[PDB]
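In: Partial complex here, more coming in a sec:
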Amino acid sequence: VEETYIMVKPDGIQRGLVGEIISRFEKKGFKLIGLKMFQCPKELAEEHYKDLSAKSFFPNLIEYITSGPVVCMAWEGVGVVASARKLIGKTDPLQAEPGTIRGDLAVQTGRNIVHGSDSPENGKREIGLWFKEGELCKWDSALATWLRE
């Protein structure tokens, strides 16, 4: 079953939005299989944003993502990748639509409180990078039959 990586950025923790963001995906109906408050070491952050090493904002990006603890999450479900992206909203919170996480709870791209894998491949890549295999938990949801036929 498809999985995706969702991460509450440092500003989300500082603003006390961890529970609220988790609740949005819980209420949606997806299965949480990985969760941890984590202090991202610089090298791991730089590997995540590897493709942007040549960009002028790279230094700022790394400083930001390591400026405080983040909350790493892995969610499972059919279509979870695209759905999570939709629930999170556009990159720029000002443009993100009301109803989405960034559209309801953020005002600037550089402090857009949360991240979601943009594709199933990046979903697997990110979960493998941020989590240590033994950290994911498998379980049978009692409401499974009522969330999907």
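Out: Arrived safely. Numbers count the residues shown, from 1 in each chain, chains lettered A, B, ... in the order given.

In: The nearest residue to residue A:61 once chain neighbours are set aside and residue A:4, how far apart?
Out: Excluding its sequence neighbours, the residue lying closest to residue A:61 (Cβ to Cβ, 6 or more residues apart in numbering) is residue A:49, at 5.7 Å. Heads up, the C-betas are built off the backbone N, CA and C, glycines and all. Distance, residue A:49 to residue A:4, using Cβ to Cβ, to the nearest Å: 18 Å.

In: What of residue A:148?
Out: 16 Å.

In: Look at residue A:49 and residue A:4 and report which has more neighbours.
Out: A direct count of neighbours by other Cβ atoms under 10 Å for residue A:49 and residue A:4 places residue A:4 higher, at 28 against 15.

In: Just say helix, strand or coil for residue A:78.
Out: Look at residue A:78: counting by DSSP: H, G, I helix; E, B strand; the rest coil, its state is coil.

In: Now do the same contact list for it.
Out: Taking Cβ atoms under 8 Å, 6 or more residues apart in numbering, we find residue A:78 in contact with A:1, A:2, A:148.

In: ok, the first one - how many residues close by?
Out: In this case it means residue A:1. 8.

In: Please apply the same query to the second one.
Out: By the measure other Cβ under 10 Å, the count of residues near residue A:2 is 16.

In: which residues does it contact?
Out: Contacts of residue A:2 by Cβ under 8 Å, 6+ apart are A:76, A:77, A:78, A:79, A:80, A:81, A:120, A:123.

In: Please repeat the previous calculation with a cut-off of 10 Å.
Out: Residue A:2 sits next to A:30, A:75-83, A:120, A:123-124 when contact means Cβ atoms under 10 Å, 6 or more residues apart in numbering.

In: What subset of these is buried?
Out: Among these, those buried by neighbour count (16 or more other Cβ atoms under 10 Å) are A:30, A:75, A:76, A:77, A:80, A:81, A:83, A:123, A:124.

In: Reformat those into a markdown table and put distance to residue A:93 next to each item.
Out: What follows is those, written out as a markdown table (distance: Cβ to Cβ, whole Å):
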| residue | distance to residue A:93 |
| --- | --- |
| A:30 | 22 |
| A:75 | 21 |
| A:76 | 27 |
| A:77 | 25 |
| A:80 | 22 |
| A:81 | 21 |
| A:83 | 19 |
| A:123 | 22 |
| A:124 | 27 |
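
In: quick revisit: can you tell me which of the contacts of residue A:78 lies closest to residue A:20?
Out: Nearest to residue A:20 among those, counting by Cβ to Cβ, is residue A:2 at 24.2 Å.

In: while you're at it, add chain B from this line:
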Amino acid sequence: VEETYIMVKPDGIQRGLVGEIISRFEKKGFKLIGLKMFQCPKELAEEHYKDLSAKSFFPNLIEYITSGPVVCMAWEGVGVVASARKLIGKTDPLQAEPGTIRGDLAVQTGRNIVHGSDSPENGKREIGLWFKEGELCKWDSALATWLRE
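Out: Next up, chain B placed on what we already have:
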């Protein structure tokens, strides 16, 4: 005044979303004139979904709507039919936008928690099939003057 039929499907009851769904329409400003937890008979389910009788998924649909009690609702208000449809969201919860009932609380078409009449006449037709004579309660809202000029 225009009326529409809104129903919380079996999965909504099992997931304890009855109150939450009702509140969405109450807060919106529409008038609740009919409400009841009901055990849908195969016969009624087949008459309701007659526009899908020839479909291959028709059988699974009938047994699903009868897989548990449902919550029948009749709401009143100018433009309530189209408005409820909008608040409910696209048939496929994965595609329904965040902010709508399905977009916020469901993940699969076969378990999309709620139904809303698609047109005024169908609203009239559905209320007639699901509710009995004096089962509907007509009343005048104290806030009427503040919701409609």
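
In: once more on the contacts of residue A:78, with chain B this time?
Out: A:1, A:2, A:30, A:147, A:148, B:94, B:107, B:108 (Cβ atoms under 10 Å, 6 or more residues apart in numbering or on different chains).

In: which residues touch the residue in chain A that chain B sits nearest to?
Out: Residue nearest to chain B within chain A: residue A:99 (2.6 Å; Cβ to the nearest Cβ). Taking Cβ under 10 Å, 6+ apart as the criterion, residue A:99 is in contact with A:86, A:87, A:89, B:97, B:98, B:99, B:100, B:103, B:104.

In: repeat for residue A:142
Out: With contact set as Cβ under 10 Å, 6+ apart, residue A:142 has these partners: residue B:14.

In: Residue B:98 versus the closest residue to residue A:143 other than its chain neighbours, what's the distance?
Out: Spatial nearest neighbour of residue A:143, chain neighbours left out: residue B:15 (6.2 Å); criterion: Cβ to Cβ, 6 or more residues apart in numbering or on different chains. Here residue B:15 is placed at a distance of 18 Å from residue B:98 (Cβ to Cβ).

In: who's more crowded, those two?
Out: Neighbours per residue (other Cβ atoms under 10 Å in any protein chain shown) separate residue B:15 from residue B:98, with residue B:98 holding more: 22 against 19.

In: What sits closest to the more buried one if chain neighbours are left out?
Out: Among residues not flanking residue B:98 along the chain, residue A:99 sits closest, at 4.0 Å (Cβ to Cβ, 6+ apart).

In: With residue A:34 instead?
Out: That would be residue A:74: by Cβ to Cβ, 6+ apart, it lies 3.0 Å from residue A:34.

In: Could I get the contacting residues of the one you found?
Out: The contact partners of residue A:74, by Cβ under 10 Å, 6+ apart, come to A:3-7, A:31-36, A:80, A:117, A:123, A:126-127, A:130-131, A:135-137.

In: SS state for it?
Out: Once three-state DSSP is applied, residue A:74 turns out strand.

In: Bridging across strands, which residues link to it?
Out: Residue A:74 has these beta-bridge partners by DSSP bridges: residue A:5, residue A:34.

In: Isn't residue A:141 up against residue A:31?
Out: Yes. The pair residue A:141 / residue A:31 is scored as a contact, 5.7 Å apart, by Cβ atoms under 10 Å.

In: Neighbour count: the two, which is higher?
Out: residue A:31 (22 against 15).

In: and the closest residue to the more buried one other than its chain neighbours, what does it touch?
Out: Excluding the flanking residues, the one nearest residue A:31 by Cβ to Cβ, 6+ apart is residue A:76, at 4.4 Å. By Cβ under 10 Å, 6+ apart, the contact list for residue A:76 reads A:1-4, A:30-34, A:136, A:138-139, A:141.

In: include chain C too:
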Amino acid sequence: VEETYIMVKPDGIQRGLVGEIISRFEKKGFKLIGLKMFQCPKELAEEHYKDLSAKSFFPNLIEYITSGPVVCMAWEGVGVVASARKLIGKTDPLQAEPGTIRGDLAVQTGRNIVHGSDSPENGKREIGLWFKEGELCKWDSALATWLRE
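Out: Adding chain C to the chains above:
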């Protein structure tokens, strides 16, 4: 299994608290087995307040519950009667504690938005008085094993 009668009074409907009240019991973990919006006839009201027919406030009590539609409910669960009473709060909303329904959402005894049976005996009695044959719905809750050992 123990059952209790809970009713949103006319003022609860007028103030749009139907969904909110239902959610409180849904979230608590009890099972909704009966629900309906209903316009209470004078005679049935007087029946409900049988033992208070000699009271000075009897006539006021009767007009109040018949001044608008009410939402009748039947909830099932171990200790649901006493628990429902605790969730509802003191008779006088001013005295009811914050966190309870009346303590959070009402301001006067004469408009205390909701009612709950005061004993298992009155629970059976009240459900038998307000609900007719076949109106109650029994079902097996998917989360039953997670609400009770």
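
In: With chain C now part of the structure, what is the answer for the contacts of residue A:78?
Out: Counting by Cβ under 10 Å, 6+ apart, residue A:78 has contacts A:1, A:2, A:30, A:147, A:148, B:94, B:107, B:108.

In: swap the cut-off to 8 Å and go again
Out: By Cβ atoms under 8 Å, 6 or more residues apart in numbering or on different chains, the residues touching residue A:78 are A:1, A:2, A:148, B:107, B:108.

In: Tell me the spacing between the closest residue in space to the last one that isn't next to it in sequence and residue B:101.
Out: Of all residues not flanking residue B:108 in the chain, residue A:148 sits nearest, at 4.5 Å (Cβ to Cβ, 6+ apart). Spatial separation of residue A:148 from residue B:101 under the definition Cβ to Cβ is 17 Å.

In: In this structure residue A:26 contacts residue A:35, no?
Out: No. Assessed by Cβ atoms under 8 Å, residue A:26 is found out of contact with residue A:35, at 11.0 Å.

In: Pull out the buried residues from stretch A:12-20.
Out: A:12, A:13, A:17, A:18 (16 or more other Cβ atoms under 10 Å in any protein chain shown).

In: sorry, that was for stretch A:35-48
Out: For stretch A:35-48, by 16+ other Cβ under 10 Å, it's A:35, A:40, A:45, A:46, A:48.

In: quick one: that stretch to chain centroid distance?
Out: 12 Å (Cα atoms, centre = their mean, to the nearest Å).

In: Residue A:141 in helix, strand or coil?
Out: Applying three-state DSSP: residue A:141 is coil.

In: dump the residue contacts of it.
Out: By Cβ under 8 Å, 6+ apart, the neighbours of residue A:141 are A:31, A:147.

In: quick one: it and residue A:26, what's the gap?
Out: Distance from residue A:141 to residue A:26, by Cβ to Cβ: 11 Å.

In: cool, and residue A:149?
Out: 20 Å.

In: Can you give me the neighbour number for the residue lying closest to residue A:137 once chain neighbours are set aside?
Out: Distances taken as Cβ to Cβ, 6+ apart place residue A:33 nearest to residue A:137, at 5.7 Å, with adjacent residues excluded. Residues contacting residue A:33 under the criterion other Cβ under 10 Å number 19.

In: quick revisit: with distance to chain C and secondary structure as new columns, can the buried residues of stretch A:12-20 be given to me in a markdown table?
Out: A markdown table is the format used below for those (distance: Cβ to the nearest Cβ, whole Å; DSSP: H, G, I helix; E, B strand; the rest coil):
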| residue | distance to chain C | secondary structure |
| --- | --- | --- |
| A:12 | 25 | helix |
| A:13 | 26 | helix |
| A:17 | 21 | coil |
| A:18 | 21 | helix |
